[PDB]
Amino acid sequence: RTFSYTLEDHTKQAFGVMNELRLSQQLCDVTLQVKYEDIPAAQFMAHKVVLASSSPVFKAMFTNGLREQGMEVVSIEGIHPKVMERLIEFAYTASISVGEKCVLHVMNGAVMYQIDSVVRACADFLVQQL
């Protein structure tokens, strides 16, 4: 005989704790430094695994080579802090919420990190405004 059990809510509970840890700045091993014209650089701390889990681009970036130990700082250009903030929040929560006139720029930021699900959703939202 075999005992089996699965907790249906597990991955949502778990992500809830991981997001708490991100906001507390605990266990974080990467800092995203986001530089946008004529405004100060912003910093977002996160966990590489979590970014990897949602984005093949971050996955490739953090499994390639092997970086000298500790806090990695990654320079990001071409994307507003607030777009990156929203992609990060998506990785950690499963949700994103954006002013309708800026959906195009979020989409492009999701393109850049190959977050296909938010690329599609953005796209479908733009197509129903035609």
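From 1 onward, residues are counted along the sequence shown.
**Student:** I need to verify one thing: averaged over C-alpha atoms only, is the B-factor higher for 63-71 or for 99-107?
**Tutor:** Here the higher of the two C-alpha B-factor means belongs to 63-71.
**Student:** Which is higher on mean Cα B factor in this entry, 117-125 or 14-22?
**Tutor:** Taking the mean B-factor of the alpha carbons in each, 117-125 is higher.
**Student:** Which is it among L27, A41, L32, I88: the one with the largest CA B-factor in the entry?
**Tutor:** Largest recorded C-alpha B-factor: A41.
**Student:** Using the temperature factors of the C-alpha atoms in this entry, rank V49 within its chain: lowest, middle or highest third.
**Tutor:** It falls in the bottom third of the chain.
**Student:** In terms of the chain's CA B-factor thirds, is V83 lowest, middle or highest?
**Tutor:** Tercile = middle for this residue's CA B-factor.
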